[PDB]
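The chain below stands alone, shown as structure tokens; this is the form deposited in one PDB entry.
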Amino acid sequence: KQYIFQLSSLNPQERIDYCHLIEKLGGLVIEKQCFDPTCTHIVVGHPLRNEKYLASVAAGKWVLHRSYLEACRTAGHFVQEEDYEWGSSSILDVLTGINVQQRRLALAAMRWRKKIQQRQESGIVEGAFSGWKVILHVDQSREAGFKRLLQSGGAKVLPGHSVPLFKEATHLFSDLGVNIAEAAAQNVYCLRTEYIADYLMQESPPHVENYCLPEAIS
């Protein structure tokens, strides 16, 4: 089996210590600030709505608590992942300070891992955003992160926000030169970026009408 890690929401010394442990154990770490779809596992210090966490869920990666690696260190090899998944009872029942956002994030990680891995062995490639064709109009500080997140779950991110693209688009997300009302007039879902995360975080997410951008309202 392949053991290609990323790391997220960890102290620098934790990251250094774990990079060394993972290599010692025979795995690899992708040391990038951004999400990389080549990875198979991620160890997360704190479940957050950041690029690595959400994109790992969208693709159904193993999303693991740090005690995983400590059990690996003891065993002298990579142990079974199940009891160390953030969404598992073994982790959730023992930890404190987990707020509702984090619990939802942890549970979603496990749920999407299960869903996607049953489709892999069935021979289909299909993340959380499969079938989505997306126009992004988001803060430049954040756009590339959303694009990778969306792509990780199998969405097509369309190039640009020109009106001609609206007929190909299913979703237009914004958190803010884009003619939104024009897209809405064509029944493109014109939605706040929060929908992306809640879509992953929730078994049954609220109706899209709850996330409508201002120009798309009634």
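Start at 1 and count along the sequence shown; that's the residue number.
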Discussion item. Quick check on the record: how many residues from the deposited sequence are absent from the model between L176 and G177 (none, 1 to 3, 4 to 9, 10 or more)?
Written reply: 4 to 9
Worksheet item: On average, which has the higher Cα B-factor in the deposited entry, 51 to 59 or 180 to 188?
Response: 180 to 188
Worksheet item: Of 35 to 43 and 156 to 164, which one has the bigger average CA B-factor?
Response: 156 to 164
Item to complete: Using the entry's values, work out which of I196, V208, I22, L10 has the largest Cα B factor.
Response: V208
Practice prompt. For the C-alpha B-factor as written in the entry, point me to the maximum among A71, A128, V138, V134.
Written response: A128
Worksheet item: What third of its chain's C-alpha B-factors does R142 belong to: lowest, middle or highest?
Response: middle
Discussion item. Looking at the temperature factor on the CA atom of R148, which third of the chain's modelled residues does it land in?
Written reply: lowest
Worksheet item: Which third of the chain does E85 land in by C-alpha B-factor: lowest, middle or highest?
Response: lowest
Response to the item:
Here the Cα B-factor of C212, set against its chain, lands in the third termed middle
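The form deposited in another entry is left out here; the points below concern that form.
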Response to the item:
Per the rigid-part fit, hinge between the shown form and the other one among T170, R103, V125, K147 is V125
Response to the item:
Quick read on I116 and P206 CA atoms in that other deposited form, 3 Å or more from the shown distance, and they're closer
Worksheet entry | Pairwise C-alpha change, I116 versus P205, in that other deposited form against this form - closer or farther, 3 angstroms or more | closer
